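Okay, so here's just one chain, in structure tokens, the form deposited in one PDB entry.
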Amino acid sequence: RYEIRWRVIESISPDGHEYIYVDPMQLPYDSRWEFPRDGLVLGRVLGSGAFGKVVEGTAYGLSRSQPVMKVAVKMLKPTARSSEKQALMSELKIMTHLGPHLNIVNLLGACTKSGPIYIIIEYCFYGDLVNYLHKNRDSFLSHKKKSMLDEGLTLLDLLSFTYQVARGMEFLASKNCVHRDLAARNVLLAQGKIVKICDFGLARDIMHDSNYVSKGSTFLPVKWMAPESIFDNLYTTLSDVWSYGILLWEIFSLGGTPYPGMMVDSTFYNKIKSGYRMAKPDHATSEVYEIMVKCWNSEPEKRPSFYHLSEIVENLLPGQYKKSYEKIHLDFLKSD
């Protein structure tokens, strides 16, 4: 049952109600990513799920800038079915198609012969944003109080996370890529407080995860899904924009649960159909809440694009933030 959530839209109708996803099986794989298993040392498990895990590792000779490099490694469980092994390959093709960006968890290499499949990816020291925000809750709170009366976590960090996710999603959307599970649990934080969007599905157990709900064959992240996804099974980049607003609510609640205290049941769905939206989280500014509400337009075409969101949020960031971000993004693309 493992497969990546992400899809690439091959073609879409003018209205946008019909589309075709690229079938990764159609694409050939070039082995530009192949890396000798002997150049990899594996360490401790970083996350473990129903059909695979992600492990910390060190790669020797994988990078020219960093001949000794800390990495993460994705791999299936021992029982894993052939179909899912193919899903790992598909993931390799999709990443190759996207190419690099500062704010996604990037592919670095792969071991696909003479052993189990390994996907070598960037290591994100701080883990996922939910856990990071929970652990730094009281530090943010303390900063807020000091600011009120006059190394941690600040409002500038929260706006930086907001911006970097918008930039990573603008990149995916620019590639006709739809994430379909955008949420704080799928945003990792690297050293330097660089946020990196991913699909951490391999390392979760979907059946026991209360962020997902059964429908039919699968488990869906209903509280992050746009109404046309919930009701009509449609997922486009504009659906992701809805998810992005839900993610912002998680960020500015410092890792709160969306629709807190509401269970996904018939009354939940009826409230959504009636136009219910979440209230402002405690630590959102009014501008930030305005951004969320725009993302939650019932009409997909009225939602802002990720380019427009990146532009809006840049207006909330000090001019020098943008200049550091652009330098770090440059440094990243020049690496190796």
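Sequential numbering from 1, following the sequence displayed. Between two forms, the rigid core is the largest collection of C-alphas that superpose within 1.5 Å.
Keep in mind that the form deposited with a small molecule bound is missing from the display, and what follows is about it.
Colleague: Using heavy atoms and a 4.5 Å cut-off, decide whether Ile251, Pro304 and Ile312 all contact the small molecule in the entry with it bound.
Modeller: Spot residues vs the small molecule: no contact at all.
Colleague: At 4.5 Å between heavy atoms, is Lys74 in contact with the small molecule in the entry with it bound?
Modeller: Looking in the entry with it bound, residue contacts with the small molecule include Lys74, since a heavy atom lies within 4.5 Å.
Colleague: Flag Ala183 as yes or no: does it have a non-hydrogen atom within 4.5 angstroms of any non-hydrogen atom of the small molecule in the entry with it bound?
Modeller: Taking the distances in the entry with it bound, the answer for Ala183 is no, it never comes within 4.5 Å of the small molecule.
Colleague: Look up in the entry with it bound whether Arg44 has a non-hydrogen atom within 4.5 angstroms of the small molecule, and give yes or no.
Modeller: Close contact exists here: in the entry with it bound, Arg44 approaches the small molecule to within 4.5 Å, heavy atoms only.
Colleague: Give a yes or no for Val54: in the entry with it bound, does one of its heavy atoms lie within 4.5 Å of a heavy atom belonging to the small molecule?
Modeller: Yes - in the entry with it bound, heavy atoms of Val54 and the small molecule come within 4.5 Å of each other.
Colleague: Among 124-132, 243-251, 226-234, 262-270, mark the stretch whose residues have heavy atoms within 4.5 Å of the small molecule in the entry with it bound.
Modeller: Going through the listed ranges, the match is 124-132.
Colleague: Have a look at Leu238, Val165, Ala110, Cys198 for me and say which one sits with a heavy atom within 4.5 Å of the small molecule in the entry with it bound.
Modeller: Among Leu238, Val165, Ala110, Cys198, a heavy atom within 4.5 Å of the small molecule in the entry with it bound occurs only for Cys198.
Colleague: Which one of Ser48, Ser63, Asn297, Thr285 is close to the small molecule in the entry with it bound, taking close to mean a heavy atom within 4.5 Å?
Modeller: The residue from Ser48, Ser63, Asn297, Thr285 that makes the contact is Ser48.
Colleague: Tell me, with the core superposed, which single residue in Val165, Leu248, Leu202, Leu238 has its C-alpha moved by at least 2 Å between this form and the one not shown.
Modeller: After core superposition, the single residue displaced by 2 Å or more is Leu202.
Colleague: Flagged pair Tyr19/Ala183: C-alpha distance shifts by 3 angstroms or more in the entry with it bound. Which direction, closer or farther?
Modeller: Note: Cα gap between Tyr19 and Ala183 widens in the entry with it bound.
Colleague: Knowing the Cα distance between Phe200 and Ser239 changes 3 Å or more in the entry with it bound, does it shrink or grow relative to here?
Modeller: Closer, not farther.
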